[PDB]
Structures are given as C-alpha cells and as structure tokens.
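Geometric and topological summary
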Protein chains: 14
Amino acid sequence: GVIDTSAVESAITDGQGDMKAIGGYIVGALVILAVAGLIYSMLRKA
Amino acid sequence: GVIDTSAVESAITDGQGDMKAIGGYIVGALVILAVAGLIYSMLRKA
Amino acid sequence: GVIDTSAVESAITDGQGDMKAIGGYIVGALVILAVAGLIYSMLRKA
Amino acid sequence: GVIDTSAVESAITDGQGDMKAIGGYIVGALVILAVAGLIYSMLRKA
Amino acid sequence: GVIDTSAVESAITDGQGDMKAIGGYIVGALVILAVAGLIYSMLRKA
Amino acid sequence: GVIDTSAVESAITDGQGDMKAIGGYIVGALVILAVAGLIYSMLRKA
Amino acid sequence: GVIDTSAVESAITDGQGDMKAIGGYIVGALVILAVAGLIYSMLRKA
Amino acid sequence: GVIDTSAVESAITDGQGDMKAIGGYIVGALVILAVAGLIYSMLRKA
Amino acid sequence: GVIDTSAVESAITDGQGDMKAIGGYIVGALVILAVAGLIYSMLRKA
Amino acid sequence: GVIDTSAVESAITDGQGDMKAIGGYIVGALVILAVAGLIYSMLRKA
Amino acid sequence: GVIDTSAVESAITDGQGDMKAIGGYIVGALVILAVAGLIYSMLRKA
Amino acid sequence: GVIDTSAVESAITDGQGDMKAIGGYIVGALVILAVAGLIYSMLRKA
Amino acid sequence: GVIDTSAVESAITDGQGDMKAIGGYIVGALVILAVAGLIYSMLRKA
Amino acid sequence: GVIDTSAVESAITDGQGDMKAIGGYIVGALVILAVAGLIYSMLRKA
C-alpha cells in the first residue's frame with residue numbers, strides 16, 4: 001500500500017483539492033463582508 | 001484465518017469505512033461553527 | 001476437548017463477542033467527549 | 001461477573017449518566033460567558 | 001484459604017472500595033482545574 | 001499506610017488546600033488585567 | 001526439514017510478506033487521522 | 001543478512017526517503033492554511 | 001537487613017525527602033512560566 | 001552517524017536556513033497588510 | 001551525584017537564572033509593541 | 001571494564017555532552033519561532 | 001576457543017560496532033521527526 | 001570463603017556502590033530532559 005497506494009493517495013489529494021479550493025469561498029466571505037461594510041460606510045459619508 | 005480471513009477483514013474495513021466517512025460530519029462541525037462565527041462577525045461589521 | 005471442545009470455544013467467542021462490541025461504547029466515549037468539546041468551542045466562537 | 005455483572009454495569013452507566021449530563025453545565029459555562037461578553041459588547045456599541 | 005478466605009477477600013475489597021472512591025477526588029482534580037480555567041477565561045472575555 | 005495514612009493524606013490536602021486557594025490570585029490576575037484594560041478603554045472613550 | 005524446508009519457509013515469508021505490507025494500511029491510519037485533524041484545524045483557522 | 005543485507009536496507013531507506021519527503025506536503029499543509037488565514041485577515045483589515 | 005535495616009531505609013526516605021521537595025521547584029517552573037505569560041498578556045491587553 | 005553525521009546535519013540546517021528566512025515573507029505579509037490598511041485609513045481621513 | 005551533585009545543580013540553576021531573566025526581554029517585547037501602538041493611536045487622535 | 005572502563009565512559013559522556021548542548025538549538029527553535037510570531041504580532045498592532 | 005577466540009570475538013564486536021552506530025540513525029529518526037513537527041508548529045504560529 | 005569472604009564481599013559492594021550511585025546520573029537524565037522540555041514550553045508560552 002506504498003507503490004500504487006502512494007499514486008492513489010496523490011490522485012485523491014489532487015481530486016479532493018477541489019473541496020479545499022471551494023472552501024476558499026467561506027474564507028473570502030469575511031473579505032466580501034469587510035468590502036460591503038467599507039462600501040456602506042463610503043455611501044453613508046457621501 | 002489468513003486466506004479468506006484477510007478478504008473478510010478487507011470487506012469489513014471497506015463496509016465499516018461508511019462510519020469513518022459519516023464521523024467526518026463531527027470533524028467538519030468545527031469548520032461549520034468557524035464559518036457561522038465569520039458570517040456573524042461580517043454581518044455585525046456591515 | 002479438541003473436537004466438540006473447539007466448536008464450543010468458537011460458539012462462546014461468537015456469543016462473548018456481544019460483550020466486546022458493547023465495551024466499544026467506553027472506547028467511543030473519548031470520541032463523544034472530543035465531539036462535545038469541539039461543539040462547545042464552536043458555540044463559544046459563534 | 002459477566003452475566004448479571006454486565007447488566008449491573010449497564011444500569012450503573014445509565015444511572016451515573018446523570019452526573020455526565022449535569023457536568024454539561026460547566027461545559028455550557030464557556031458558551032454562557034461568550035454570550036454575556038457578546039451582549040456586553042452589543043450594549044457598549046449601542 | 002478459598003472458602004471463608006474468598007468471603008473475607010470480597011469483604012476487604014468492598015471495605016477497601018472506600019479508598020478507591022475517595023481517590024476519585026484526585027482524578028476529578030484535573031476536571032475542577034479545567035472548569036476553573038474555563039471560568040477564568042469566560043470572566044477575562046466578559 | 002492506608003488506615004491513619006489515609007487520614008494524614010486527607011489532613012495534608014485540606015491544609016495544602018490553602019496554597020491552591022492562594023494560587024487562585026494568579027488566575028484572577030488575567031481577570032483583573034482585563035477589567036483594568038476595559039476601565040482604561042471606557043476612560044479613553046469618555 | 002532444513003534443505004528444501006528452508007527454501008519453503010523463505011517462499012512462505014516472501015508470499016506472507018503481502019499481509020505485513022497490507023497491515024501497513026492500519027499503521028498509516030493514525031497518520032491519515034492526524035493529516036485529517038490538521039486539515040480540519042487549518043480550515044477552522046481560515 | 002548483515003553484509004549485503006545492510007547495503008540493501010540502506011538503499012531501501014534512501015529510495016523510501018522519497019515517501020517521507022512527499023509526506024512533508026501534509027506537514028506544510030498546516031503552514032499553508034495559517035498563511036491563507038493570515039492573508040484573509042490582512043485582506044479583511046484592508 | 002529487615003529490623004534496623006527497615007528503620008535505616010525509613011530514615012533515608014525522610015532525609016532523601018528533601019531532594020523530592022526541592023525537585024518540586026522544577027514542577028512549579030511550568031506554573032511560574034504560565035503565570036508570567038498570563039501577566040505579559042494582561043500587560044499587552046492594558 | 002554522530003561524527004561527520006553531525007557536520008552534515010549542521011551544513012543541512014545552515015543551507016535549509018534559506019527556506020526559513022524566505023518563509024519570513026509570509027510572516028511579514030500580516031505587517032504589510034496592516035501597513036496598507038493604515039495607509040488607506042490615513043488617505044480616507046485626508 | 002545527589003550530595004555535592006544537588007549543590008552543583010542548584011548553583012547551575014542560580015547561574016543559568018540570568019538567561020531566563022534576559023529572555024524576559026522577548027516577553028516584554030509584546031508589552032513594548034502594545035505601548036508603542038497605544039502611543040501612535042493617541043498621537044493620531046491628537 | 002569497570003575500572004578504566006568507568007573513566008572512559010565518563011570521558012565519552014563529557015565529550016558526547018557537546019552533541020546534547022548543540023541539540024539545545026532545535027529545542028530553542030520553538031522559543032525563537034514564538035519570539036518571531038510575537039514580534040510580527042507587535043509590528044501588525046503598531 | 002578462549003585465547004585467540006576471545007581476540008577474534010573482540011575484533012568482530014569492534015567491526016560489528018559499525019552496524020550498531022548506523023542503527024543510531026533509526027533512533028535519531030524520532031528526534032528528527034519531533035524537530036520537524038516543532039519547526040512546522042513554529043512556522044504555523046509565525 | 002564465608003568468614004573473611006563475607007567481609008570482602010560486603011567491602012566490594014560498599015566500594016562498587018560508587019558505580020551504582022554514578023549510574024544514577026543516566027536515570028536523572030530523563031528527569032533533566034523533562035525539566036528542559038518544560039522550561040522550553042514555558043519560554044514558548046511566554
């Protein structure tokens with residue numbers, strides 16, 4: 001479970017890499033909320 | 001208990017693999033709580 | 001005590017297998033405590 | 001100490017389960033403190 | 001030392017069971033310290 | 001060292017309990033620092 | 001049972017070496033669980 | 001199994017050293033997650 | 001080496017008890033480091 | 001693996017010290033983000 | 001290595017106590033950074 | 001191997017004491033990383 | 001097999017001492033893994 | 001070899017007692033390593 005097992009594990013990390021990239025949406029959620037708050041503050045100042 | 005025993009043990013790990021995958025819900029519980037806290041912080045900032 | 005004795009020993013292990021499966025509750029006790037601690041940490045963060 | 005002993009151990013865990021449920025108050029103590037801190041922060045912001 | 005000896009050994013374990021129950025105070029010492037640390041963290045957050 | 005030994009150990013824990021209660025001052029140090037920081041923030045806001 | 005017996009024992013260890021290599025999956029189970037816990041902690045931090 | 005056996009064991013550790021170096025990706029996973037969290041926090045602050 | 005030997009062993013444990021009490025300084029080293037870290041965190045918060 | 005092995009390990013840490021120094025860029029990423037946020041706040045105030 | 005050994009160990013801790021006191025500079029580094037940030041915030045407010 | 005053998009073993013521990021002192025660099029690695037993280041946090045706060 | 005036999009046994013232990021010194025690499029494997037884990041934790045903290 | 005032999009054996013154990021006391025340094029090696037690890041953890045926390 002080291003030879004073809006290592007290749008299968010590498011293929012699963014590359015394929016399971018889609019879920020980590022998608023989860024990046026939740027992390028960018030705080031940045032989107034901060035940008036929306038900054039836009040609301042700029043609109044209130046204007 | 002090594003010949004057909006090894007095949008039975010492999011079949012049980014593959015079938016018992018459903019419980020380990022389901023338990024992944026408890027592990028993703030911390031990530032869901034962190035995402036909810038980040039969303040609440042973004043809503044409070046907005 | 002090898003012929004019918006081996007069959008009686010196999011029947012006792014299969015019947016006494018219920019106590020080993022039940023003891024699995026104590027082992028899953030640490031996992032349940034870890035899940036409860038993770039849920040409490042997520043609630044505190046939220 | 002396996003037959004009626006197992007039933008006595010199961011009855012003691014079910015009865016001793018009251019102390020584990022009560023201890024849940026100490027774990028919910030951190031969540032209550034976090035909720036009180038959030039309420040104090042909201043009152044200060046208001 | 002098997003007949004009345006077994007009854008004397010059982011009586012000594014039941015009587016010596018008080019020391020094992022009392023020692024439970026030292027084990028609950030870690031839980032009390034964790035509860036005190038959680039209460040101090042909640043007070044600091046408040 | 002179980003009979004009068006247990007009573008001596010219980011007396012030492014009750015007497016050595018003064019050091020654990022005194023150490024509570026270091027734990028309440030974080031709460032005192034948080035209260036001082038909150039008072040300084042309130043004075044700066046005023 | 002030393003001449004052809006030694007060759008038969010060597011052939012059995014080489015053939016029975018498949019079961020030891022397969023058992024390596026259970027040992028790599030702890031490493032996989034540690035990697036999953038590290039990934040969950042990184043996702044919670046993000 | 002000490003003469004040419006030691007050379008074969010040394011060659012296997014040098015060749016099996018590729019799997020330990022590759023596993024370094026999982027260890028650097030926590031550092032990558034911490035860097036992503038720091039970048040997200042910096043973007044939210046900006 | 002059981003009569004006066006037991007009294008000599010008891011006297012050596014009572015006299016060698018000074019080294020175990022002194023070693024308590026190394027154990028209290030972790031508590032002192034934790035108290036210093038808590039004081040530094042409180043000073044940074046203030 | 002202690003004589004020339006220690007010199008080889010020291011040479012690898014000195015050479016592998018380039019990767020730790022380079023990783024310092026990710027740590028200085030938070031400071032750069034804080035400086036950019038402070039510059040943006042100063043520009044908004046002006 | 002218990003008699004004069006204990007005195008030598010006590011002398012080394014008292015002499016090696018200079019390095020622990022000096023390391024206190026790194027711990028007071030966070031307090032100095034917090035004081036500098038508070039002074040910069042007060043200057044910006046003025 | 002007890003007379004001159006003990007003196008040779010003592011000389012080897014004193015000479016091999018250089019490797020234990022050098023290994024102290026890896027242990028001080030965690031303290032250096034913590035100091036760098038504290039300096040980065042202080043710079044971000046400033 | 002005691003005269004020249006003892007000299008041959010001493011020569012074999014001195015020559016076979018290379019394999020024990022080389023095996024020291026496997027023992028230092030745990031220390032290298034602990035150092036790598038400490039470096040990864042320091043990088044994650046930074 | 002029982003009369004003056006017993007006195008010679010007692011004198012050899014008292015004289016050979018120096019090697020057992022010196023070996024106490026290797027046993028105290030684990031305690032010294034644990035104290036160094038605790039000091040490093042306290043420095044990292046500070």
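Residues numbered from 1 in each chain as written, not as in the entry; some residues may be left out. Chains lettered and ligands numbered in written order. Part of a larger assembly, values for the part shown. Heavy atoms only, no water.

With that settled, the discussion passes to the overall build of chain A. Helix and strand counts for chain A stand at two helices and zero strands. With respect to the principal axes defined by its C-alpha atoms, chain A has extents near 65 × 10 × 10 Å. Looking at the 46 residues of chain A, the share that counts as buried comes to 17%. Carbon together with sulfur atoms contributes 68% to the accessible area of chain A, which is approximately 3,300 Å² in total. (Helix = DSSP H or I, 4+ residues; strand = E, 2+ residues; numbered from the N terminus. Buried < 20%, exposed > 50% of the residue type's maximum accessible area, 1.4 Å probe, protein only. Areas by Shrake-Rupley, 256 points an atom, 1.4 Å probe, with all protein chains shown as cover.)

Chain E makes no contact with chain A, the minimum C-alpha separation between the two being 22 Å. No interface is formed between chain D and chain L, the nearest pair of C-alpha atoms being 21 Å apart. (Contact = heavy atoms within 4.5 Å.)

In the UniProt entry, the feature "transmembrane region" is given for residues 22-42 of chain A. Annotated as 100% helix and 0% strand, the span residues 22-42 of chain A places its first and last C-alpha atoms 30 Å apart. (UniProt positions renumbered as here; feature names shortened; annotations may be inferred.)

Right, let's talk about the packing of helix α2 (residues 17-45) of chain H against helix α2 (residues 17-45) of chain J for a bit. The geometry of α2(H) relative to α2(J) is characterised by a closest axis approach of 8 Å and an angle of 5 degrees between their N-to-C directions. The pairing of α2(H) with α2(J) is recorded here as roughly parallel in orientation. Contact residues: H:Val35, H:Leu38, H:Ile39, H:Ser41, H:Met42, H:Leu43 and H:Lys45 in α2(H); J:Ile26, J:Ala29, J:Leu30, J:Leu33 and J:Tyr40 in α2(J). Its residues placed into classes, the contact of α2(H) with α2(J) shows ten nonpolar, one polar and one charged. (Axes fitted to C-alpha atoms, helices over the stretch in contact; angles between N-to-C directions. Parallel < 35°, antiparallel > 145°, perpendicular 65-115°, else oblique. Nonpolar A, V, L, I, M, F, W, Y, C, P; charged D, E, K, R; others polar.)

Next up on the list: the environment of I:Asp4. Residues and elements named next belong to chain I. Checked against the element boundaries, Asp4 lands in helix α1 (residues 3-15). What makes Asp4 exposed here is its relative accessible area of 61%. Considering only alpha carbons, one finds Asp4 and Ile32, 28 residues apart in sequence, at a separation of 42 Å.

A separate point is the interface of chain B and chain A. A common way to report how large an interface is uses the accessible area buried once the components associate. Across the contact, eight residues belong to chain B and six residues belong to chain A. Taking both partners together, chain B and chain A bury about 560 Å²; carbon and sulfur atoms supply 90% of that area. Applying the counting criterion to the chain B and chain A interface returns zero salt bridges. One can count zero residue pairs in polar contact joining chain B with chain A. Here the residues of the side of chain B that touches chain A sort into six nonpolar, one polar and one charged. (Buried area = accessible area lost by both parts, 1.4 Å probe. Salt bridge = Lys/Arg side-chain N within 4 Å of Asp/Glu carboxyl O. Polar contact = N/O pair within 3.5 Å; in protein donor to acceptor, adjacent residues only side chain to side chain.)

Attention shifts here to a nonpolar patch on the surface. A cluster of nonpolar residues, A:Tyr25, A:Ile32, A:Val35, A:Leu38, A:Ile39, A:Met42, A:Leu43, H:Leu43 and J:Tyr40, forms a patch on the protein surface that exposes about 880 Å² of accessible area. In terms of residue count, helix α2 (residues 17-45) of chain A provides more of the nonpolar patch than any other element does, seven residues in total. Judged by its relative accessible area of 60%, A:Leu43 falls in the exposed class. (Patch = residues over 30% accessible without salt bridge, like charges linked within 9 Å, V, L, I, M, F, W, Y side chains within 5 Å.)

Our next topic: the side chain of M:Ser41. Residue position: M:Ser41 is located in helix α2 (residues 17-45). A polar contact of 2.7 Å, which involves the side chain of M:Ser41, links it to the backbone oxygen of M:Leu38. With residues near it in sequence (within four places) discarded, M:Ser41 still touches L:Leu30 and L:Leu33.

Our next topic: the interface of chain C and chain D. Counting from both sides, the interface comprises five residues of chain C and, opposite them, six residues of chain D. Contact between chain C and chain D buries roughly 560 Å² in total, counting both sides, with carbon and sulfur atoms accounting for 88%. Linking chain C with chain D are zero residue pairs in polar contact. Along the lines of polarity and charge, the residues of the side of chain C that touches chain D split into four nonpolar, no polar and one charged.

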